[PDB]
Amino acid sequence: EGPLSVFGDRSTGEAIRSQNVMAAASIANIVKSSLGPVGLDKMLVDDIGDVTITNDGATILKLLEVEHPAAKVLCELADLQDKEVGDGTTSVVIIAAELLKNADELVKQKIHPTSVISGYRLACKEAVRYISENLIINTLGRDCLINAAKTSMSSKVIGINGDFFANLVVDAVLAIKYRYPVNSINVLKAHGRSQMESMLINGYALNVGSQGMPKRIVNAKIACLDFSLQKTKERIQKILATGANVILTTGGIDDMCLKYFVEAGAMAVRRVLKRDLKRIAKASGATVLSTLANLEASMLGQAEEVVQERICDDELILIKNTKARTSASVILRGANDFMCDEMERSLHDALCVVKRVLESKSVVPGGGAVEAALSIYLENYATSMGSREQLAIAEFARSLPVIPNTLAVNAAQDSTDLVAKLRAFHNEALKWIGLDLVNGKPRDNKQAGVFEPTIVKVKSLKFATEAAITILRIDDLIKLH
Amino acid sequence: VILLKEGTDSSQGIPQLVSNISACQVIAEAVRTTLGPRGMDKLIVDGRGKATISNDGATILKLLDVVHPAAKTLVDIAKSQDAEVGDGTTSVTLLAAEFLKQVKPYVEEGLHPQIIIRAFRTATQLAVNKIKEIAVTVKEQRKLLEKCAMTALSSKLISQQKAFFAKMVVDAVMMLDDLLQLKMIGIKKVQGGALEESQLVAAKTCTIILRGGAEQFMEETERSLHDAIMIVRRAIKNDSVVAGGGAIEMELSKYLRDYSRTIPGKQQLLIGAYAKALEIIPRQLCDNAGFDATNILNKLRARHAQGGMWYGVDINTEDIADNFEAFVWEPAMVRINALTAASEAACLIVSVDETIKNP
Amino acid sequence: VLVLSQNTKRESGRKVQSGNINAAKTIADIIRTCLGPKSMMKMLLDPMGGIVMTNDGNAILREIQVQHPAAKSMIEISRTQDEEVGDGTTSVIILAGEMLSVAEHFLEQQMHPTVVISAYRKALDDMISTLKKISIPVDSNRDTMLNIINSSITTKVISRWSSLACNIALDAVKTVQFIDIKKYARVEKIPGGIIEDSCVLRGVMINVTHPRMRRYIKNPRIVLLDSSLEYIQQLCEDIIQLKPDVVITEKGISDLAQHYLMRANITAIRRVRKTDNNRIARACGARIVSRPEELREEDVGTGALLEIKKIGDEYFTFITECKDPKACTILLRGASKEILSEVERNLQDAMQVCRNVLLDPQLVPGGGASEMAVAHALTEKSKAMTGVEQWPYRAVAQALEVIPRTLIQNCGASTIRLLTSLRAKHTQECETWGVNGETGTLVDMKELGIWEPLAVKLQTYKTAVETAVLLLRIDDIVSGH
Amino acid sequence: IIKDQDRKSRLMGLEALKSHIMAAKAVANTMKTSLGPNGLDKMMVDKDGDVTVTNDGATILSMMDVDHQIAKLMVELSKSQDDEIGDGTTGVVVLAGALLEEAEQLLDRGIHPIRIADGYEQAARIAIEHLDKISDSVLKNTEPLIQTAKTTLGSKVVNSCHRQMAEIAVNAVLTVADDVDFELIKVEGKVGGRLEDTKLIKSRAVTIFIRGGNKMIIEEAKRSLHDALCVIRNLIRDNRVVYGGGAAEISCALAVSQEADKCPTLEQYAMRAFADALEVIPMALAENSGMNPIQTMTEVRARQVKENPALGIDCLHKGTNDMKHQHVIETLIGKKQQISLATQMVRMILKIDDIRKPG
Amino acid sequence: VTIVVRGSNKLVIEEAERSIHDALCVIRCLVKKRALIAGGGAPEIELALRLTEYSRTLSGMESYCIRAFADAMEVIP
């Protein structure tokens with residue numbers, strides 16, 4: 001009868017379950033290094049020899065040539081963790097592995113995994129509850145954000161005035177905030193003066209066509225035309241018939257057509273980047289009509305104000321006050337051109353961080369603060385459970401202080417110590433206590449700007465635990481080649 | 001480059017710690033089975049064919065040819081406990097080893113040894129404290145001595161006639177009790193007949209005349225008595241009595257972990273281990289019977305943190321049980337010294353950085 | 001069992017860091033002896049028959065088939081160093097490797113790269129600040145501007161004709177200077193004659209479809225055409241109506257279209273590389289158009305001398321004297337393609353150094369003078385910082401001393417001795433003192449006429465340091481079979 | 001490393017456990033081949049050259065060179081089995097090993113050794129208790145006394161004159177039955193005449209003068225008589241007797257299982273595993289006889305429930321048959337003792353998980 | 001009879017089809033036997049008990065065999 005065939009790998013006893021854990025350990029530990037702001041990127045060179053330096057777990061696991069099937073599990077998790085909440089992709093992997101290492105301990109105690117599985121399922125669900133009860137709900141709330149935006153400007157040349165720019169972000173966001181559209185902030189750079197003069201426009205900033213047409217138009221009726229106005233008086237009569245005072249042609253405008261616009265007192269800007277025209281169709285809501293023979297009075301956008309200011313003494317069309325306040329501009333000014341490039345990229349980051357904080361009101365203090373609390377609360381929960389479940393939930397709480405435990409290691413901030421001081425200060429200064437690798441001491445993240453959406457956490461543990469459950473539920477697997 | 005003698009095995013730093021710690025652990029395991037009212041007597045056999053049967057840790061460790069110095073320290077710990085408390089020689093031996101099992105996970109990581117001793121030292125301090133602030137003191141109450149004289153004999157082979165012997169013990173002790181000197185009571189084993197014939201030839205100074213069918217029901221009985229005289233004596237000498245069944249261990253192990261969350265730094269994690277180690281007592285207690293240690297252990301902590309400092313482990317029934325109501329009391333000193341000898345000693349074990357040997 | 005693939009290597013901690021460094025430090029001890037006027041040319045032999053005996057670290061690292069990524073990056077260092085200021089390609093490799101040898105010294109004392117990098121980075125800025133703090137501004141001026149391009153072209157296969165090559169770069173860079181862009185210097189090399197036949201052409205050069213057409217135009221109004229003139233009459237009439245005289249066709253022109261344009265006196269050039277159509281639209285201002293039906297009198301550019309000359313029996317079209325000759329064409333002449341690619345680079349690297357004398361003509365005395373002062377300075381900063389990092393600072397500074405050390409080494413005299421005496425007089429009489437390989441004694445560089453453009457040394461420190469980073473960061477290198 | 005000098009073996013848990021199971025079970029299957037009337041004798045040939053051909057186990061385990069500790073114990077059961085009741089010296093040896101063949105399996109279930117003792121001991125008691133129920137209480141009844149003396153002298157080198165020897169044994173015990181004592185009945189053989197000339201010198205004292213051919217033949221008559229003086233002394237000291245042949249073991253084995261059902265917990269499998277071992281004896285009988293142990297056993301079991309536990313195995317008629325009617329009875333103390341020694345002995349095995357082998 | 005199962009995705013439909021298949025199989029068993037035994041190892045221990053008793057009364061080599069046939073049932077529970 002024979003156990004199996006020439007093609008049927010059979011793994012039993014500690015042989016299978018163990019080798020599966022180790023694989024998960026190896027994998028997790030790998031991406032564990034790139035955990036935190038001090039992450040240690042990895043140079044991935046697949047078959048052909050390519051070189052992709054990354055810090056994200058998913059990217060790494062999606063390029064890492066894994067042989068052991070069970071190890072591929074952490075790859076599916078990092079995948080799900082990236083297409084659902086993004087960040088924390090590395091955490092899920094690490095935690096999952098720890099849950100196993102601790103699971104085996106009980107396993108060594110002749111404790112059938114099944115039992116252990118139950119402990120994790122109940123512990124995790126309980127852990128999630130503590131979340132919807134310790135949701136540090138941000139205030140649109142200023143103060144908090146200013147601090148966060150300040151952490152994004154630091155560690156850069158802009159760090160000198162990072163504060164001034166920290167506010168611009170909070171303002172630009174709180175203005176177009178409804179869900180924060182990062183693609184709504186038009187950051188226009190232009191070398192001129194010091195970065196201390198950088199301001200925030202109440203609308204769009206276009207870096208008149210004729211010194212005759214009105215430089216300022218109140219209730220503007222932006223008429224975005226695709227096709228140019230070059231072969232004549234009949235095409236200008238069609239635009240003047242709809243009441244379009246502001247014409248935005250993507251192509252060049254014939255000299256004659258421009259002379260007619262001055263005659264009708266219509267401000268039209270020729271040769272407008274395709275990208276700009278699109279932003280105008282989103283702001284004032286101006287319809288983009290290709291042919292000038294299909295432009296009606298119902299395709300005109302509304303811009304409460306479209307004037308040409310001399311920013312740093314340059315000609316710029318500021319089409320602000322549009323009907324859709326979902327459009328704004330942050331005039332970024334800097335000494336050199338190369339300087340405006342960096343400050344600009346910094347602004348983008350800040351806009352993203354602020355966004356996150358604004359999305360999902362229920363947020364919590366990262367730096368490991370959360371995991372710590374879960375380690376204490378779940379510990380007690382284990383005490384009031386008895387039976388194997390106790391050790392299960394218990395160890396589960398011992399697999400949580402890893403996030404902060406590792407963060408320290410990535411900052412020469414002796415783990416064993418900080419991990420501890422983090423607990424003592426956690427139940428003495430309340431939940432808002434995590435590890436700040438900057439000063440190497442338990443700091444108030446909730447006051448430092450360090451935050452993480454409530455959902456992010458919920459899914460990690462829910463993904464890590466379950467994934468481990470299906471693994472432990474594997475006592476003997478036979479997969480042919 | 002001969003810098004070592006002939007046949008000298010000497011390791012350095014971290015490695016020396018591993019070897020020493022391991023040696024002690026495995027050595028205690030041997031006598032760890034003799035623990036509990038139903039321990040497993042061992043039949044040591046020297047190189048001359050002499051086979052001996054003993055349930056005492058000291059007697060065993062003194063008959064086992066130990067070449068490893070680290071393992072020799074354990075024999076010393078067994079000799080200090082055998083001449084300072086008597087029974088329990090195994091407890092201190094096993095305990096000292098367990099502690100080494102809890103430090104190892106730190107030493108194999110990098111944690112400096114001395115830093116470990118500091119915690120352990122501090123841990124022992126705190127531990128003993130609670131033992132001298134929760135102990136019990138009641139009573140020459142022949143009513144309380146007999147009751148405990150029957151609970152002591154029980155769990156042994158003389159639990160069948162625990163009624164009679166318990167009396168002869170309380171009487172033998174009630175006569176010579178200025179502080180009761182175990183050197184004033186002469187026991188005379190006389191293999192022959194039935195344990196129901198035994199008498200106590202009393203004023204002061206008695207001679208427990210014993211009689212048993214065979215030396216098996218004769219010796220196994222005698223030993224069980226010597227214990228009743230060890231417990232009934234204490235309650236009269238040192239009123240200090242603590243809850244047995246690994247109860248105390250379970251409480252200390254709890255609070256000690258609480259002092260961890262409070263005391264941050266290295267000590268937190270370690271002090272927690274020092275506690276996890278104190279879980280070995282009630283752990284092996286069930287294993288020496290056939291019941292799952294995990295279930296009971298976990299059950300105990302719950303019933304312990306939700307009951308009191310008396311909730312131990314009624315091995316006889318294999319389930320948690322309040323020792324205060326089960327009349328399970330032992331002298332407070334027994335524990336008081338256990339923590340001392342075992343702990344502090346174990347510390348030095350990891351303190352001994354490298355060992356130089358010769359041919 | 002098998003976590004990451006099967007038959008794969010796996011390092012960690014003391015194994016990843018150690019290997020990464022040594023690998024780079026080793027590849028440095030391969031060309032280090034090739035630094036200085038007393039270098040030792042190596043003779044590599046590829047598996048084909050090409051025995052390359054060079055002294056330039058770059059050309060050496062580009063031949064040595066590498067395997068370990070760590071070393072590969074080093075090849076990228078020389079690929080970025082020789083692409084900027086040319087020479088010094090070795091210097092950067094030596095330093096980059098040294099910084100690591102000293103770094104590991106701290107990796108043994110157990111000092112996480114983070115704490116290390118941070119210093120190395122902050123120290124990197126120290127040198128830079130010092131460099132511009134002690135560098136002397138040497139005057140554009142065709143006189144000095146030439147001595148700057150020359151000193152670089154020297155000691156090269158082009159050195160023989162340096163003078164001529166110097167002027168070539170002089171005129172080229174002095175023309176594309178508006179901020180000097182090097183992406184406007186179109187180099188063209190044709191076999192035949194010697195390197196003394198070279199010259200600088202003021203305009204784009206193409207490589208007269210009708211033997212009767214205009215061979216030269218006084219006021220050429222070029223019309224960039226991509227489409228073909230093949231199937232013709234109507235197509236050739238839409239162009240002539242734009243007032244042109246020269247049609248640059250990208251594809252082939254039909255025989256018929258050749259008679260019509262010739263009939264209207266219009267030089268037609270069929271089959272013109274796409275790259276040529278882009279250079280004519282940027283120098284002459286002629287807009288490139290697809291089909292002829294889209295050719296207007298506005299896309300027509302304007303030149304000032306379109307003469308067809310036979311550059312070696314090969315009648316090349318010369319569209320020089322463009323309105324905006326911002327894009328010149330350097331005609332390099334060489335005996336072969338070997339002396340042609342060589343001379344081309346020496347000229348290009350020469351254009352860069354010259355691109356500095358017109359933007360920021362800063363230069364520091366060679367002989368390692370720069371490295372020392374900085375080393376002596378950074379040492380001061382160390383005491384002004386204290387902390388554990390107080391040592392690392394010194395480490396790096398003492399790592400910059402390798403340039404002068406290895407310098408006097410290739411000379412014969414004592415490396416240590418010279419070092420002591422170096423710092424000595426160097427700590428007293430400014431930084432004007434450097435190592436003299438010809439006298440084996442420290443001599444005042446400034447007074448000996450030995451100066452190297454700041455930029456040259458600017459990129460040096462920047463690269464070397466940045467390199468140690470990406471390497472020090474390399475946490476793990478798996479991905480195997 | 002070498003933490004102990006290489007001169008004292010030390011097995012760990014199942015390492016020692018298994019070594020004892022086989023060993024004690026081995027020497028056991030050695031005596032089983034010589035159990036019953038059709039017993040197969042053994043030939044012990046010491047290092048001297050003196051051939052020893054005997055059936056009794058005590059006489060085989062005494063010549064048998066035994067170093068194994070566990071085996072030594074098996075030598076003390078048969079030896080103590082001959083110094084007390086005498087007869088059925090092999091039974092205790094075979095029964096003991098049987099209790100091991102059953103215990104082991106339980107151990108495979110993970111059933112801790114110590115716990116195994118529970119059922120075995122709880123069942124053993126009730127086993128001996130079921131004997132006091134199916135025991136026959138005879139009356140100076142010269143009839144039943146002499147009848148028993150003949151059943152203890154049957155199949156021995158004195159079965160040719162067991163009638164005379166029975167009379168001599170009954171009078172020797174009745175005259176010192178002051179409350180008899182086997183210390184007032186001396187024996188004394190002497191060459192000359194036959195076995196029919198054996199007399200009884202007179203009477204709180206009786207000198208048994210045994211005459212026989214060779215010196216060996218006399219030694220067997222004296223040995224059969226010795227056991228005859230023990231059996232008669234057993235009944236006179238305990239008016240309890242049962243029926244051999246197997247019937248008894250079948251009754252208990254049946255009762256135990258039933259009781260094992262009424263009793264939950266792991267002690268259930270134990271008791272059951274205990275009863276099944278109570279079959280190895282009857283099974284062995286049909287074995288050493290020539291009948292199929294499997295067919296006979298079950299045949300006797302079916303006929304044992306139809307005709308009460310009075311029917312056993314007739315190793316002379318080949319099949320089921322009532323022992324009582326066939327006059328196949330043994331003292332009660334014997335069976336009451338057999339179970340004890342063997343069982344209690346076994347309890348020690350499980351309680352030993354080390355060993356320090358000498359050489 | 002035809003049961004047209006509808007579902008947004010194949011995943012939800014796969015479950016429907018499968019789960020339904022069972023709902024059918026169960027009704028099929030119920031009809032082929034209008035009885036029903038309580039699982040959880042109840043019938044196993046049930047037999048294991050009576051079978052062990054059946055042996056002690058059936059005699060023959062069957063006894064031992066049957067007993068092992070009963071103990072071989074304890075596996076399920």
# chains A, B, ... in the order shown; residues from 1 in each chain; ligands from 1
$ select_by_dssp --residues "range 52-250 of chain B" --states "strand (DSSP E)" --output "PyMOL selection string"
chain B and resi 52-54+199-201+207-209+241-243
$ write_last_selection --atoms "N, CA, C and O atoms" --output "CSV table (one decimal), in the first residue's frame"
chain,number,residue,atom,x,y,z
B,52,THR,N,21.3,1.2,46.0
B,52,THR,CA,20.6,1.9,47.1
B,52,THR,C,19.3,2.5,46.7
B,52,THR,O,19.2,3.1,45.6
B,53,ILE,N,18.3,2.4,47.5
B,53,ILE,CA,17.0,3.0,47.3
B,53,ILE,C,16.7,4.2,48.2
B,53,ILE,O,16.6,4.0,49.4
B,54,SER,N,16.6,5.4,47.6
B,54,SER,CA,16.4,6.6,48.4
B,54,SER,C,15.5,7.6,47.7
B,54,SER,O,15.6,7.7,46.5
B,199,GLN,N,3.8,1.2,69.2
B,199,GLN,CA,3.5,1.9,70.4
B,199,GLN,C,4.6,3.0,70.7
B,199,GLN,O,5.6,3.0,70.0
B,200,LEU,N,4.3,3.9,71.6
B,200,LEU,CA,5.1,5.1,71.9
B,200,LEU,C,5.6,5.0,73.4
B,200,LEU,O,4.9,5.5,74.3
B,201,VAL,N,6.7,4.3,73.6
B,201,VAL,CA,7.2,4.2,75.0
B,201,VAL,C,7.7,5.5,75.5
B,201,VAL,O,8.8,5.9,75.3
B,207,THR,N,10.3,6.3,72.5
B,207,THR,CA,10.9,5.4,71.5
B,207,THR,C,9.8,4.7,70.7
B,207,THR,O,9.4,3.6,71.0
B,208,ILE,N,9.4,5.4,69.7
B,208,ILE,CA,8.3,4.9,68.8
B,208,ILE,C,8.6,3.5,68.3
B,208,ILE,O,9.4,3.3,67.3
B,209,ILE,N,8.1,2.5,69.0
B,209,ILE,CA,8.3,1.1,68.6
B,209,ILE,C,7.4,0.8,67.4
B,209,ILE,O,6.2,0.8,67.5
B,241,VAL,N,3.9,29.5,59.6
B,241,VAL,CA,3.5,28.5,58.7
B,241,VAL,C,2.9,29.1,57.4
B,241,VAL,O,2.2,30.1,57.5
B,242,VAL,N,3.3,28.5,56.3
B,242,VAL,CA,2.8,29.0,55.0
B,242,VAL,C,2.0,28.0,54.3
B,242,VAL,O,2.0,26.8,54.6
B,243,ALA,N,1.2,28.4,53.3
B,243,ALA,CA,0.3,27.5,52.5
B,243,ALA,C,1.2,26.7,51.6
B,243,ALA,O,2.1,27.1,50.9
$ select_by_dssp --residues "range 242-430 of chain C" --states "alpha helix (DSSP H)" --output "PyMOL selection string"
chain C and resi 255-263+274-283+338-357+369-383+390-400+402-409+415-428
$ interface_residues --of "chain B" --to "chain A" --cutoff "12 Å" --atoms "only C-alpha atoms" --output "JSON, numbers by chain"
{"B": [106, 109, 110, 111, 254, 257, 258, 259, 260, 261, 262, 263, 264, 265, 266, 267, 268, 269, 270, 271, 272, 276, 283, 287, 292, 293, 294, 295, 296, 297, 298, 299, 300, 301, 302, 303, 304, 305, 306, 307, 319, 320]}
$ write_last_selection --atoms "C-alpha atoms" --output "mmCIF file, in the first residue's frame"
data_model
loop_
_atom_site.group_PDB
_atom_site.id
_atom_site.type_symbol
_atom_site.label_atom_id
_atom_site.label_comp_id
_atom_site.auth_asym_id
_atom_site.auth_seq_id
_atom_site.Cartn_x
_atom_site.Cartn_y
_atom_site.Cartn_z
ATOM 1 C CA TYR B 106 18.817 36.411 28.376
ATOM 2 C CA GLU B 109 21.078 37.094 23.904
ATOM 3 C CA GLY B 110 23.743 39.237 25.530
ATOM 4 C CA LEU B 111 22.393 40.230 28.945
ATOM 5 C CA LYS B 254 2.049 36.864 40.551
ATOM 6 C CA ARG B 257 5.337 39.973 37.845
ATOM 7 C CA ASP B 258 3.448 43.048 39.034
ATOM 8 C CA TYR B 259 6.715 44.497 40.322
ATOM 9 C CA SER B 260 7.941 43.972 36.768
ATOM 10 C CA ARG B 261 5.425 46.287 35.113
ATOM 11 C CA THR B 262 6.340 48.758 37.855
ATOM 12 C CA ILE B 263 10.122 48.320 37.886
ATOM 13 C CA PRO B 264 11.153 49.176 34.301
ATOM 14 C CA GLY B 265 14.443 48.247 32.676
ATOM 15 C CA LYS B 266 16.360 44.975 32.778
ATOM 16 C CA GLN B 267 14.758 43.903 36.058
ATOM 17 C CA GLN B 268 11.203 44.022 34.688
ATOM 18 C CA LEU B 269 11.642 41.132 32.254
ATOM 19 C CA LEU B 270 13.961 39.224 34.580
ATOM 20 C CA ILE B 271 11.914 39.678 37.763
ATOM 21 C CA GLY B 272 9.100 38.281 35.650
ATOM 22 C CA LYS B 276 7.886 32.110 35.975
ATOM 23 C CA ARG B 283 4.042 22.429 37.826
ATOM 24 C CA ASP B 287 3.335 15.852 36.733
ATOM 25 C CA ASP B 292 -1.741 17.925 32.865
ATOM 26 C CA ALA B 293 0.480 20.653 34.312
ATOM 27 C CA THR B 294 -0.697 23.267 31.810
ATOM 28 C CA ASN B 295 -4.410 23.084 32.622
ATOM 29 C CA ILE B 296 -3.900 23.076 36.397
ATOM 30 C CA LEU B 297 -1.144 25.702 36.273
ATOM 31 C CA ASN B 298 -3.346 28.050 34.252
ATOM 32 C CA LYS B 299 -6.358 27.154 36.391
ATOM 33 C CA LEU B 300 -4.378 27.835 39.564
ATOM 34 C CA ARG B 301 -3.263 31.332 38.558
ATOM 35 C CA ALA B 302 -6.894 32.211 37.842
ATOM 36 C CA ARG B 303 -8.321 30.691 41.024
ATOM 37 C CA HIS B 304 -5.307 32.197 42.782
ATOM 38 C CA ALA B 305 -5.592 35.777 41.527
ATOM 39 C CA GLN B 306 -9.344 35.455 42.066
ATOM 40 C CA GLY B 307 -9.234 33.747 45.451
ATOM 41 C CA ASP B 319 -7.563 20.277 41.089
ATOM 42 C CA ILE B 320 -7.195 23.690 42.716
#
$ residues_around --residues "range 152-162 of chain C" --least-positions-apart "3" --cutoff "7 Å" --atoms "only C-alpha atoms" --output "PyMOL selection string"
chain C and resi 148-149+165-166+195-196+343+346+350
$ residues_around --residues "residue 57 in chain E" --least-positions-apart "2" --cutoff "9 Å" --atoms "only C-alpha atoms" --output "list in words"
residues 301, 302 and 305 of chain D; 53, 54, 55, 59 and 63 of chain E
$ write_last_selection --atoms "N, CA and C atoms" --output "short mmCIF file (atom, residue, chain, number, x, y, z; two decimals), in the first residue's frame"
data_model
loop_
_atom_site.label_atom_id
_atom_site.label_comp_id
_atom_site.auth_asym_id
_atom_site.auth_seq_id
_atom_site.Cartn_x
_atom_site.Cartn_y
_atom_site.Cartn_z
N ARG D 301 -14.21 -19.27 29.83
CA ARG D 301 -14.90 -18.06 30.22
C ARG D 301 -16.41 -18.19 30.01
N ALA D 302 -16.81 -18.81 28.91
CA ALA D 302 -18.22 -19.01 28.61
C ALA D 302 -18.83 -20.00 29.60
N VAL D 305 -19.34 -18.54 33.28
CA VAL D 305 -20.48 -17.68 33.57
C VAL D 305 -21.74 -18.53 33.65
N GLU E 53 -18.93 -6.27 25.76
CA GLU E 53 -19.77 -7.16 26.55
C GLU E 53 -20.19 -8.35 25.69
N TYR E 54 -20.33 -8.10 24.39
CA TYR E 54 -20.73 -9.13 23.44
C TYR E 54 -19.68 -10.24 23.39
N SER E 55 -18.41 -9.84 23.48
CA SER E 55 -17.30 -10.79 23.45
C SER E 55 -17.37 -11.73 24.64
N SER E 59 -17.77 -15.88 23.45
CA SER E 59 -16.69 -16.84 23.58
C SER E 59 -15.90 -16.96 22.28
N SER E 63 -14.00 -13.31 21.01
CA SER E 63 -13.96 -12.45 22.19
C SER E 63 -12.89 -11.36 22.05
#
$ residues_around --residues "range 206-220 of chain D" --least-positions-apart "3" --cutoff "8 Å" --atoms "only C-alpha atoms" --output "number ranges by chain"
D: 156-158, 168, 172, 175, 184-203, 223-224
$ residues_around --residues "residue 175 in chain B" --least-positions-apart "5" --cutoff "9 Å" --atoms "only C-alpha atoms" --output "number ranges by chain"
B: 170, 180, 202-206
$ write_last_selection --atoms "N, CA, C and O atoms" --output "short mmCIF file (atom, residue, chain, number, x, y, z; two decimals), in the first residue's frame"
data_model
loop_
_atom_site.label_atom_id
_atom_site.label_comp_id
_atom_site.auth_asym_id
_atom_site.auth_seq_id
_atom_site.Cartn_x
_atom_site.Cartn_y
_atom_site.Cartn_z
N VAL B 170 1.98 13.20 68.21
CA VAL B 170 1.58 14.37 68.99
C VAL B 170 1.95 14.18 70.46
O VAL B 170 2.28 15.15 71.15
N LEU B 180 11.07 21.34 71.33
CA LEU B 180 11.14 20.02 70.72
C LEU B 180 12.41 19.76 69.92
O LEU B 180 12.57 20.24 68.80
N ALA B 202 6.78 6.18 76.21
CA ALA B 202 7.07 7.49 76.80
C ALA B 202 8.37 7.45 77.60
O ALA B 202 8.47 8.04 78.67
N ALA B 203 6.89 10.23 80.90
CA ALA B 203 7.57 11.50 81.06
C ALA B 203 8.13 11.98 79.72
O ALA B 203 7.43 11.97 78.71
N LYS B 204 9.40 12.39 79.72
CA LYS B 204 10.04 12.86 78.50
C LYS B 204 10.93 11.77 77.90
O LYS B 204 11.37 10.86 78.61
N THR B 205 11.17 11.88 76.60
CA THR B 205 11.98 10.92 75.85
C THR B 205 11.17 9.66 75.58
O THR B 205 10.82 8.92 76.50
N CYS B 206 10.87 9.42 74.31
CA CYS B 206 10.10 8.26 73.90
C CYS B 206 10.82 7.45 72.83
O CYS B 206 11.84 7.88 72.29
#
